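Structure 1 and structure 2 below are the same protein chain in two forms, each given by itself as structure tokens.
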Structure 1
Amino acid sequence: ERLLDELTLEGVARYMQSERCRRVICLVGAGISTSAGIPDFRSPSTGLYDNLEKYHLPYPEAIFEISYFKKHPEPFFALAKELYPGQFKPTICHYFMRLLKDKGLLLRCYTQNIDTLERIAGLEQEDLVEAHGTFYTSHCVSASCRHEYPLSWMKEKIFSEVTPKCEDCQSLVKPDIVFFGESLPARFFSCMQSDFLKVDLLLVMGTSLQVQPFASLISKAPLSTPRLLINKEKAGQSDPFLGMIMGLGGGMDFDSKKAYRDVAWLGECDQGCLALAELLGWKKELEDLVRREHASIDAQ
């Protein structure tokens, strides 16, 4: 009944190399972009949540909240200037997901990341669910207008510290990211219902699984589907405690005596992906891909 012969990266690589493993879903968060120079949200001291006091918020989550944004957008746009990536070079982890695409194993990448690195690494719109939107485009917030603006326009407003107003109607222009309180893209639900029927392997990388409904995705997979977490620390566990994110019952079981399908490889995402690629015979392909794409970016 158990699909992994052993609860290890080697077990997952052998499963991946079997014919049952045809459809892989990746679930990724900010941890897969930290080696690209983009700090994450919840790491102590460097993460965003430990760097909010200077914005003088009524509480730290306000800067994520759509109703607060609509009333006082200036903190969000000051933060956006502070965190604007100085360069957009995707990581080994991103290019591993690109290799999964090129080899026909990637059914979908569900990303929480707003930095657009998945696109730059070559995942196309069909391969991707940007579950929490991206900074790539922005829209006027007036339902009667909804004029679109490209990242170059938004970037100029952010760096000039001018609050972005729509050129046609002078309402606020918001990046197409999903704030706390907003609905997720409809693509998220349509793809979820189709993808999680088919998935043979769930790859979870670089996320604390602290945000719903995205974190519910790990429970949408069939109960035999193996789940591999590559992350600096365990996350999404089912162990109940007050303030757990997971609905009760759902969650990962790495360590109980009933554990049967969940693997935690604890370390840096780039190293874990390099180790998995090596076990699969993809290490040189992945290394060459990173080198070539990185040089291509370095030229301009």
Structure 2
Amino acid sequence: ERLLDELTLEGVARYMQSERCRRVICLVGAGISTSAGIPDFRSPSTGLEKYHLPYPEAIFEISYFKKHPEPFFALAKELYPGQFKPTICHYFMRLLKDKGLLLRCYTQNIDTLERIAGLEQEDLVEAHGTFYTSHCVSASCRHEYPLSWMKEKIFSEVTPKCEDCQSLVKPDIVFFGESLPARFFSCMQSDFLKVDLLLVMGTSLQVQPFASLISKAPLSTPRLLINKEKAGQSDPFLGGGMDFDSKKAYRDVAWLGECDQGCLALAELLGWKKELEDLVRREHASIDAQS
């Protein structure tokens, strides 16, 4: 009685173009931005003593930031991407939006590429925050600053201070010690009542609470993983995990390869390849031509 006629990319595409599939939730992580040249700082090959930290994790912790922000901002300058060109995966989500299929994109990423690709605030749950905006850290002020302002401060090596009250200004990313945005929990509680398809791309589903999102889907909702490695199955030691391969599997599909190549394959099955090619090449040309 399952919704997918077969547990393959072709089965998912046929489901997507049936009347049963109207609302797609994307869950995306660092794997959708590595081909944009933005490394996954959790991947060890792209994972410091120049900052003389009391302990290595302090540069990611909020109390240390508020007392000693200079290491964080020097690291931010070191890591600042040289260009912001969203990937095929990002623009595939923009096509989902254009076609009225995108209920929400939950992202682990802080690089703003979802917004550059044309997803709007309403479409996005930035579960780990974002560099897109920054705020004065004083509770009585909370003046908001755009990324252009923060970038100027970062590259000029001037510690960003609020123009109204001279408190620190912090990018809206979730440091260790900060809670996830309330938007994450509010949206989760509403969106997963409404979803027809979960598209999980470029995440190992290891960081919490983001990973537990897959268990919030209704029992019937197909879940497609596009990722370099299989992810989201129950841990045989610590264990609604993914079931891709057992005789009881009925709704979870793993497409193992590069995220851009999987999204391209899905778009091609859907008849969207020309639309996606045209969109990516136009937007990339526009970004490359920024003057």
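Here the rigid core means the biggest group of C-alpha atoms that line up within 1.5 Å when the two forms are laid on top of each other. Sequence positions of structure 1, starting at 1, serve as the residue numbers.
In a rigid core superposition between structures 1 and 2, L172 is the single residue of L106, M192, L172, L184 whose Cα is displaced by 2 Å or more. Relative to the superposed core, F41 shifts its CA atom by 2 Å or more between structures 1 and 2. Comparing the forms between structures 1 and 2, the C-alpha position of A264 differs by less than 2 angstroms, with the core used for superposition. The Cα position of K70 differs by 2 Å or more between structures 1 and 2 after fitting on the rigid core. In this core superposition, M154 moves its Cα by 3.3 Å between structures 1 and 2.
Taking the core as the fixed frame between structures 1 and 2, we note the C-alpha of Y84 moving 1.7 angstrom. After superposing on the rigid core, the C-alpha of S144 is displaced by 4.2 Å between structures 1 and 2.
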